[PDB]
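**Student:** I'd like to ask some things about the structure below.
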Amino acid sequence: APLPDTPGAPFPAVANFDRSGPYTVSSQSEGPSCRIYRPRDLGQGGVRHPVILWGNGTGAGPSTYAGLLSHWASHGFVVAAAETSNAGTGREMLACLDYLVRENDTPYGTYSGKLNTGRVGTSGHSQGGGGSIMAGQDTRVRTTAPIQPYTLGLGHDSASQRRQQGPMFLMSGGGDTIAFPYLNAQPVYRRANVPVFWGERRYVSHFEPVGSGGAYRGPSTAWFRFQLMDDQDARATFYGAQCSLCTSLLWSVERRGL
């Protein structure tokens, strides 16, 4: 850990990060209480799929975010969402990683030889966004993208903010009165020991990520494509003084080490 980077053929390019990708998707509950959203046909054309671990919002289940999870899977990601409605410690998210790792390496299953376990990301909404930070401490994790994280309690260890392994895309909502950004997101940005891109979407509430992922679906996808798939087309969304988010009137950007 990190696990070796084992890339396959390059992933098809897409013209929009917020539209579906080329793959037909499926989901199943399997492993240690994991709901996995993935391309129906794994390894099409020789691609090796990067992994995204997902933590739900407090009291929610994977289906609450089915539109977002499937969307990522349509791009070519295998998304392992912990089934738990309380994912703040990040432990259940990582149990799902342990299962995929094992499955990839075994000779005869669904995922055998199909994953790129050297390319792992974490994300989550609210308590699960705190859970993605906590899991981002694992050396197997290359990047995190917490969506409106709740970091004031519900299993969060603020020490984890200074022990990240890769770059973070921190997302907050200007109208979130449940995981108030100044109290839950600003401290994460302040303390991050890795390059951080903090995008605050003005006006949106704590329910914006539920379902299709709303305004966070495209940006989050561009982030994972760039970090996990080396998609250079997604690069400009976050890099440069003129990156897309940077010039958008609906996002407040704060960047560091990038």
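Note on naming: chains are A, B, ... as they come in the structure tokens, residues start from 1 per chain, ligands start from 1 in the order shown.
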If we count only C-alpha atoms, what is near residue 27 in chain A at a cut-off of 8 Å, once residues fewer than 6 positions away on the same chain are taken out, given as a ChimeraX atom specification?

**Tutor:** /A:35-38,70

**Student:** Residues of range 32-134 of chain A that approach range 165-173 of chain A to 10 Å or less, counting only C-alpha atoms: could you list each one with the shortest pair of atoms and its distance in Å to one decimal, rows by chain and increasing residue number, as CSV?

**Tutor:**
residue,atom,partner,partner_atom,distance
A:121,CA,A:166,CA,9.3
A:122,CA,A:168,CA,9.5
A:123,CA,A:169,CA,9.4
A:125,CA,A:171,CA,9.6
A:126,CA,A:172,CA,9.8
A:129,CA,A:170,CA,9.3
A:133,CA,A:168,CA,8.7

**Student:** Can you tell me how far CA of residue 71 in chain A sits from CA of residue 174 in chain A, in Å to one decimal?

**Tutor:**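 Straight-line distance from CA of residue 71 in chain A to CA of residue 174 in chain A works out to 24.0 Å.
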
**Student:** Determine the nearest neighbour of residue 65 in chain A from the options A:247, A:51, A:82, A:118, counting only C-alpha atoms.

**Tutor:**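 When distances to residue 65 in chain A are compared using only C-alpha atoms, the smallest one comes from A:82.
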
**Student:** Using only C-alpha atoms for the distances, tell me which of A:42, A:34, A:246, A:179 is nearest to residue 100 in chain A.

**Tutor:** A:34

**Student:** Can you tell me, as number ranges by chain, which residues in range 2-143 of chain A count as alpha helix (DSSP H) by DSSP?

**Tutor:** A: 66-75, 91-105, 127-135

**Student:** Write out, as a JSON list (two decimals), in the first residue's frame, the residues just selected, with N, CA and C atoms.

**Tutor:**
[["chain", "number", "residue", "atom", "x", "y", "z"],
["A", 66, "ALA", "N", -28.29, 7.11, -5.55],
["A", 66, "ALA", "CA", -28.21, 6.21, -6.69],
["A", 66, "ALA", "C", -27.85, 6.92, -7.95],
["A", 67, "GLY", "N", -28.46, 8.04, -8.25],
["A", 67, "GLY", "CA", -28.12, 8.83, -9.46],
["A", 67, "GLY", "C", -26.65, 9.19, -9.52],
["A", 68, "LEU", "N", -26.05, 9.71, -8.46],
["A", 68, "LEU", "CA", -24.64, 10.08, -8.40],
["A", 68, "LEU", "C", -23.72, 8.85, -8.54],
["A", 69, "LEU", "N", -23.98, 7.81, -7.79],
["A", 69, "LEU", "CA", -23.16, 6.56, -7.77],
["A", 69, "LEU", "C", -23.09, 5.86, -9.13],
["A", 70, "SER", "N", -24.20, 5.71, -9.83],
["A", 70, "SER", "CA", -24.37, 5.17, -11.16],
["A", 70, "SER", "C", -23.69, 6.02, -12.22],
["A", 71, "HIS", "N", -23.79, 7.34, -12.04],
["A", 71, "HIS", "CA", -23.18, 8.35, -12.93],
["A", 71, "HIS", "C", -21.68, 8.06, -12.95],
["A", 72, "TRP", "N", -21.05, 7.99, -11.78],
["A", 72, "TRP", "CA", -19.60, 7.68, -11.69],
["A", 72, "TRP", "C", -19.31, 6.34, -12.37],
["A", 73, "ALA", "N", -20.14, 5.37, -12.02],
["A", 73, "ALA", "CA", -19.95, 4.03, -12.63],
["A", 73, "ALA", "C", -20.07, 4.09, -14.14],
["A", 74, "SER", "N", -20.90, 4.96, -14.73],
["A", 74, "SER", "CA", -21.07, 5.07, -16.17],
["A", 74, "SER", "C", -19.82, 5.62, -16.82],
["A", 75, "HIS", "N", -18.95, 6.33, -16.13],
["A", 75, "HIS", "CA", -17.67, 6.87, -16.52],
["A", 75, "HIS", "C", -16.55, 5.83, -16.50],
["A", 91, "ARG", "N", -14.38, 3.43, 8.70],
["A", 91, "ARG", "CA", -13.97, 2.00, 8.77],
["A", 91, "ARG", "C", -14.76, 1.11, 7.83],
["A", 92, "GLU", "N", -16.04, 1.33, 7.69],
["A", 92, "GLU", "CA", -16.88, 0.51, 6.83],
["A", 92, "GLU", "C", -16.50, 0.79, 5.37],
["A", 93, "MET", "N", -16.13, 2.01, 5.07],
["A", 93, "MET", "CA", -15.71, 2.32, 3.70],
["A", 93, "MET", "C", -14.47, 1.51, 3.31],
["A", 94, "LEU", "N", -13.53, 1.51, 4.24],
["A", 94, "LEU", "CA", -12.30, 0.74, 4.03],
["A", 94, "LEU", "C", -12.53, -0.77, 4.03],
["A", 95, "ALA", "N", -13.49, -1.31, 4.75],
["A", 95, "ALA", "CA", -13.78, -2.75, 4.70],
["A", 95, "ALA", "C", -14.15, -3.15, 3.26],
["A", 96, "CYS", "N", -14.85, -2.25, 2.57],
["A", 96, "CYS", "CA", -15.29, -2.48, 1.21],
["A", 96, "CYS", "C", -14.08, -2.46, 0.31],
["A", 97, "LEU", "N", -13.09, -1.61, 0.55],
["A", 97, "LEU", "CA", -11.82, -1.58, -0.18],
["A", 97, "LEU", "C", -11.14, -2.96, 0.02],
["A", 98, "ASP", "N", -11.02, -3.44, 1.22],
["A", 98, "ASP", "CA", -10.39, -4.75, 1.52],
["A", 98, "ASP", "C", -11.02, -5.86, 0.69],
["A", 99, "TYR", "N", -12.32, -5.85, 0.57],
["A", 99, "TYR", "CA", -13.04, -6.83, -0.24],
["A", 99, "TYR", "C", -12.69, -6.73, -1.71],
["A", 100, "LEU", "N", -12.67, -5.55, -2.31],
["A", 100, "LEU", "CA", -12.37, -5.34, -3.72],
["A", 100, "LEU", "C", -10.93, -5.73, -4.05],
["A", 101, "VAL", "N", -10.04, -5.38, -3.17],
["A", 101, "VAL", "CA", -8.62, -5.72, -3.25],
["A", 101, "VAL", "C", -8.51, -7.25, -3.37],
["A", 102, "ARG", "N", -9.08, -7.98, -2.45],
["A", 102, "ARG", "CA", -9.11, -9.42, -2.38],
["A", 102, "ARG", "C", -9.72, -9.95, -3.67],
["A", 103, "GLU", "N", -10.88, -9.48, -4.05],
["A", 103, "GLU", "CA", -11.58, -9.93, -5.25],
["A", 103, "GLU", "C", -10.79, -9.75, -6.52],
["A", 104, "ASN", "N", -10.05, -8.67, -6.59],
["A", 104, "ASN", "CA", -9.24, -8.36, -7.75],
["A", 104, "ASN", "C", -8.11, -9.41, -7.92],
["A", 105, "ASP", "N", -7.55, -9.73, -6.79],
["A", 105, "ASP", "CA", -6.39, -10.63, -6.73],
["A", 105, "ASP", "C", -6.71, -12.14, -6.84],
["A", 127, "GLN", "N", -21.99, 13.16, 7.16],
["A", 127, "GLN", "CA", -21.21, 12.26, 8.03],
["A", 127, "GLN", "C", -20.28, 11.39, 7.19],
["A", 128, "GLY", "N", -20.76, 10.93, 6.05],
["A", 128, "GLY", "CA", -20.00, 10.11, 5.09],
["A", 128, "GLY", "C", -18.92, 10.97, 4.42],
["A", 129, "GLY", "N", -19.06, 12.28, 4.31],
["A", 129, "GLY", "CA", -18.02, 13.16, 3.77],
["A", 129, "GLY", "C", -16.92, 13.26, 4.83],
["A", 130, "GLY", "N", -17.29, 13.16, 6.09],
["A", 130, "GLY", "CA", -16.31, 13.12, 7.20],
["A", 130, "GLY", "C", -15.59, 11.77, 7.14],
["A", 131, "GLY", "N", -16.33, 10.71, 6.93],
["A", 131, "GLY", "CA", -15.89, 9.33, 6.71],
["A", 131, "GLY", "C", -14.90, 9.29, 5.55],
["A", 132, "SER", "N", -15.01, 10.07, 4.48],
["A", 132, "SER", "CA", -14.06, 10.06, 3.37],
["A", 132, "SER", "C", -12.71, 10.66, 3.72],
["A", 133, "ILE", "N", -12.71, 11.68, 4.58],
["A", 133, "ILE", "CA", -11.49, 12.27, 5.17],
["A", 133, "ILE", "C", -10.77, 11.23, 6.06],
["A", 134, "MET", "N", -11.51, 10.60, 6.95],
["A", 134, "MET", "CA", -11.01, 9.59, 7.88],
["A", 134, "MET", "C", -10.37, 8.46, 7.07],
["A", 135, "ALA", "N", -11.01, 7.98, 6.00],
["A", 135, "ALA", "CA", -10.54, 6.93, 5.12],
["A", 135, "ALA", "C", -9.39, 7.48, 4.28]]

**Student:** May I have all residues of range 34-244 of chain A that DSSP, computed from the backbone, assigns to strand (DSSP E), given as a PyMOL selection string?

**Tutor:** chain A and resi 34-39+49-55+78-82+115-126+143-149+168-173+196-201

**Student:** Quote the spacing between CA of residue 176 in chain A and CA of residue 161 in chain A in Å to one decimal place.

**Tutor:** 21.0 Å

**Student:** Contacts between range 16-22 of chain A and range 192-231 of chain A, please, where a residue of range 192-231 of chain A counts if it comes within 8 Å (with only C-alpha atoms); show its shortest atom pair and distance in Å to one decimal, rows by chain and ascending number, as a Markdown table.

**Tutor:**
| residue | atom | partner | partner_atom | distance |
| --- | --- | --- | --- | --- |
| A:217 | CA | A:18 | CA | 5.9 |
| A:218 | CA | A:18 | CA | 3.9 |
| A:219 | CA | A:17 | CA | 7.1 |
| A:221 | CA | A:17 | CA | 5.7 |
| A:222 | CA | A:17 | CA | 5.7 |

**Student:** Take the residues from that selection and write them out as a short mmCIF file (atom, residue, chain, number, x, y, z; two decimals), in the first residue's frame, keeping N, CA, C and O atoms.

**Tutor:**
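Output (selection09.cif):
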data_model
loop_
_atom_site.label_atom_id
_atom_site.label_comp_id
_atom_site.auth_asym_id
_atom_site.auth_seq_id
_atom_site.Cartn_x
_atom_site.Cartn_y
_atom_site.Cartn_z
N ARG A 217 -22.34 16.80 -9.15
CA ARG A 217 -22.09 15.68 -10.04
C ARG A 217 -21.00 15.94 -11.05
O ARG A 217 -20.04 15.13 -11.16
N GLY A 218 -21.07 16.97 -11.89
CA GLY A 218 -20.02 17.21 -12.89
C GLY A 218 -18.64 17.47 -12.28
O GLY A 218 -17.65 16.84 -12.70
N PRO A 219 -18.44 18.42 -11.38
CA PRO A 219 -17.14 18.75 -10.82
C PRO A 219 -16.46 17.56 -10.14
O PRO A 219 -15.25 17.40 -10.32
N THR A 221 -16.90 14.46 -10.82
CA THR A 221 -16.56 13.52 -11.88
C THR A 221 -15.26 13.98 -12.57
O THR A 221 -14.41 13.11 -12.79
N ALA A 222 -15.17 15.27 -12.88
CA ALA A 222 -13.96 15.83 -13.49
C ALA A 222 -12.78 15.57 -12.56
O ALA A 222 -11.65 15.27 -12.98
#

**Student:** Just checking: using only C-alpha atoms, which residue out of A:211, A:32, A:195, A:153 ends up closest to residue 239 in chain A?

**Tutor:**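 Smallest separation from residue 239 in chain A among the options: A:195.
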
**Student:** If you count only C-alpha atoms, which residues fall within 12 Å of residue 197 in chain A, apart from same-chain ones fewer than 6 positions away, as a PDB file with C-alpha atoms, in the first residue's frame?

**Tutor:**
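As written to disk, out_28.pdb reads:
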ATOM      1  CA  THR A 143      -7.425  11.409  -3.411  1.00  0.00           C
ATOM      2  CA  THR A 144     -10.541  12.476  -1.502  1.00  0.00           C
ATOM      3  CA  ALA A 145     -13.629  14.503  -2.548  1.00  0.00           C
ATOM      4  CA  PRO A 146     -15.818  15.099   0.571  1.00  0.00           C
ATOM      5  CA  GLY A 166      -3.295  12.682  -1.534  1.00  0.00           C
ATOM      6  CA  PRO A 167      -5.056  15.781  -2.790  1.00  0.00           C
ATOM      7  CA  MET A 168      -8.474  16.814  -1.668  1.00  0.00           C
ATOM      8  CA  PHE A 169     -11.383  18.419  -3.596  1.00  0.00           C
ATOM      9  CA  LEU A 170     -13.427  19.858  -0.686  1.00  0.00           C
ATOM     10  CA  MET A 171     -17.025  20.804  -1.712  1.00  0.00           C
ATOM     11  CA  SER A 172     -19.361  22.867   0.567  1.00  0.00           C
ATOM     12  CA  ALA A 185     -15.361  22.706   5.931  1.00  0.00           C
ATOM     13  CA  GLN A 186     -13.182  25.745   6.665  1.00  0.00           C
ATOM     14  CA  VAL A 188     -10.469  20.985   6.952  1.00  0.00           C
ATOM     15  CA  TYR A 189      -9.113  23.450   4.395  1.00  0.00           C
ATOM     16  CA  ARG A 190      -7.093  25.266   7.080  1.00  0.00           C
ATOM     17  CA  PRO A 219     -17.141  18.748 -10.824  1.00  0.00           C
ATOM     18  CA  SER A 220     -16.722  15.639  -8.718  1.00  0.00           C
ATOM     19  CA  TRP A 223     -11.914  15.452 -10.269  1.00  0.00           C
ATOM     20  CA  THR A 237     -11.686  22.557 -14.197  1.00  0.00           C
ATOM     21  CA  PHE A 238      -9.295  22.984 -11.269  1.00  0.00           C
ATOM     22  CA  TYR A 239      -5.842  24.153 -12.477  1.00  0.00           C
ATOM     23  CA  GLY A 240      -4.835  27.653 -13.639  1.00  0.00           C
ATOM     24  CA  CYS A 243      -9.860  27.135 -14.302  1.00  0.00           C
ATOM     25  CA  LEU A 245     -14.722  26.702 -11.341  1.00  0.00           C
ATOM     26  CA  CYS A 246     -12.415  29.648 -10.841  1.00  0.00           C
ATOM     27  CA  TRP A 251     -18.482  28.899  -6.952  1.00  0.00           C
ATOM     28  CA  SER A 252     -16.173  30.408  -4.344  1.00  0.00           C
ATOM     29  CA  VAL A 253     -12.750  28.771  -4.847  1.00  0.00           C
ATOM     30  CA  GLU A 254      -9.929  28.597  -2.242  1.00  0.00           C
ATOM     31  CA  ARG A 255      -6.876  26.552  -3.428  1.00  0.00           C
ATOM     32  CA  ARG A 256      -3.691  25.445  -1.793  1.00  0.00           C
ATOM     33  CA  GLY A 257      -0.583  23.591  -2.892  1.00  0.00           C
ATOM     34  CA  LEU A 258      -2.007  23.194  -6.368  1.00  0.00           C
TER      35      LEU A 258
END
